């Protein structure tokens, strides 16, 4: 077995979140960069990566991995400039949701010494934090304001990792040269990969970090089920955008959520719902015949696609609620953004059970962008046999462990076949 410095690694989906983090940690840990090969369907930051976004939410999760990531977002010189510590305002209306919000302000006294949070008990209190909100729209609302957290400039952070890797001498292959087709196997050991154009790459270890594409590329036995979420954007004038500078992330689980305008004056608005599948017949490597599997419908591959009409209605309601003064702005650059759910919502980070030296690093479950800085550390630990037992178990190979179509969400995802308005072919 080669020394670390002579060990060759291929990261499939290295243009995305987990895959770029993995490449970075291989470099940071003392792998020789020219021994590391990033393969992606699209150049880093991949156009179709779920991390290719103006913004994501950084919450205040107590989990050890999330806390390790939060520290890096605050202190790591590669990542720090992309974390915007604006705070988050979580709003609720009606006795059911206000009951759950109250409960939750008590999970935080209990679980993680509060004082990093405020209860807001009236319209007046919320308006003091977020004065751009409309009083009559928030009649009867309560909120929790969390001081830590905020948002992450997601595309820029992956792009910064790519620039770092390029400058270190990491090898890249994109498009036909980067699109995984199959592993190369010799006597049950993975010795590299082949891409759709027939290019072969040989390495000691292969990481499959293909996000929502992972269950399309190899047979995962429904451990992961791929689903899309949706957003649109509105353009503010400089004067309008100035009013929202450093605004918290604003969220109401019955409505949706929105972010501070970017440096171009654009606000992204998002729905809140259990995701959409797009089932069709497909044959991953290792499947003996085609199967009905949820296969991403990639906005990058089909840039005339939008989102479902149902999704537009929901986003419009979010704008009518949160920003009634902007109800006439067109919602543009509507897109679907793919992730893959496990049954329990934990990652799938494990060696393949039959293909030695092939490792899965997926199962993102819609909440892993905030792990970008840290997650490749764990992947490297997996490759090196040093991953903590609890995590090796939590992230294990586990077909038959529950229905990922519902996962731990409120309902089984609906399918795009049944949701008109996104396909303009």
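Numbering follows the first chain given and starts at 1.
- As recorded in the PDB entry, 237 to 245 is the stretch of 307 to 315 and 237 to 245 with the greater mean C-alpha temperature factor.
- Per-stretch averaging of Cα B factors for 52 to 60 and 352 to 360 places 52 to 60 on top.
- Across 159, 278, 142, 80, the entry's maximum B-factor at the CA atom is seen for 142.
- Between the residues 337, 225, 266, 91, it is 91 that shows the highest Cα B-factor in the PDB record.
- Annotation for residue 257: CA B-factor lies in the middle third of the chain's modelled residues.
- Compared with the other modelled residues of the chain, the Cα B-factor recorded for residue 380 ranks in the middle third.
- Among all modelled residues in its chain, residue 411 ranks in the highest third by Cα B-factor.
- Split the chain's modelled residues into thirds by C-alpha temperature factor. Residue 66 is in the highest one.
- Placement of the Cα temperature factor of residue 346 within the chain: lowest third of the modelled residues, per the deposited record.
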